[PDB]
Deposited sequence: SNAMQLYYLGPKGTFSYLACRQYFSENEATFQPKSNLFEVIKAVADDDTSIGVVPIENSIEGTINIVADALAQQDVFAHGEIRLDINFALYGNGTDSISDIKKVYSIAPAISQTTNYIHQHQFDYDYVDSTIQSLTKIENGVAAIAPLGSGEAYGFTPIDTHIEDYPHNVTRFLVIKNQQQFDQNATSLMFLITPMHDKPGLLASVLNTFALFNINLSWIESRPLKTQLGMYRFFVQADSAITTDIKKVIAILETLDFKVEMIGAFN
């Protein structure tokens, strides 16, 4: 049971693999390579919402891969030092760009100097007297480093969402993921779609547009119900191609 995910050890992907469903781990260098692998009858963990995905949504649409589960990662950044450098000894920090913005206020509270690095790995490289790396919690410790502080990010409940993927359309599910594709351009296509679910009061937890026409990624809090089959009928009558790409709990 090969579990393909974005590596190396210590990424968000790996953290969510581990911290959630604690199973032979197979790290991949980026996501194209993890989707390919999954699409051998194996498993994959891979982000969809707000990561630090075109590719993912896209393979989901190709029917190369299907979503059987969800995992929501508590985004969290730590500060890693050289071993009892105390926080007040940190002169300078090193982190990738998206993480500097996640933690820009922390940098400021403390008036750290800072600059950028291609990797969290490279962040760890820079650690020395008066130098700390901002990286995800649970991640510096893969390579023997101990946080100076933790929950470092400016905003309190930032979350990334991860899908469990397979090459198996094998979906008692109580959340459903749909690709809804317009067969022609007209005004208000997204509106059509949202309104059809809202007829039936089917709450949509997540919705996404992707290509100047767009197709639609929607996720609904509800089981396979007769109401769901109705909105499907209506959408098809409205000219939407409808394929279910996820079903889970």
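Novice: Checking coverage: what stretches of the deposited chain sequence are missing C-alpha positions?
Specialist: Residues lacking C-alpha coordinates: 1-3, 26-28, 46-47, 61-63, 183-184, 225-229.
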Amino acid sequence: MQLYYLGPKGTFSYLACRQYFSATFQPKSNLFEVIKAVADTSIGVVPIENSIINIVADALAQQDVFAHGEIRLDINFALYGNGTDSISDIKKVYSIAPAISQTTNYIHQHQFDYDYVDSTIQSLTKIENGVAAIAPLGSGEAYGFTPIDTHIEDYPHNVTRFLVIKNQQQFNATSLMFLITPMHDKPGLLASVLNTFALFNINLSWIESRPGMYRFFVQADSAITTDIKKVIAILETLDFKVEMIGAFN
From here on, numbers count along this sequence of modelled residues.
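Novice: Decide which of the stretches 188-196 and 58-66 has the higher mean C-alpha B-factor, going by the entry.
Specialist: Mean CA B-factor is higher for 58-66.
Novice: Based on the entry's values, in what third of the chain does the Cα temperature factor of residue 237 lie: lowest, middle or highest?
Specialist: For residue 237, the deposited C-alpha B-factor lands in the lowest third.
Novice: Tell me, lowest, middle or highest third: where does the Cα B factor of residue 52 rank within its chain?
Specialist: Within its chain, residue 52 is a highest-third residue by C-alpha B-factor, going by the deposited values.
Novice: Thinking about Cα B factors across the chain, which third does residue 210 belong to?
Specialist: Highest third.
Novice: For residue 80, return the chain-relative third of its C-alpha B-factor as stated in the PDB record: lowest, middle or highest.
Specialist: For residue 80, the deposited C-alpha B-factor lands in the lowest third.
Novice: Relative to the other modelled residues of the same chain, rank the CA B-factor of residue 17 and answer lowest, middle or highest third.
Specialist: Answer is highest: the recorded C-alpha B-factor places it there.
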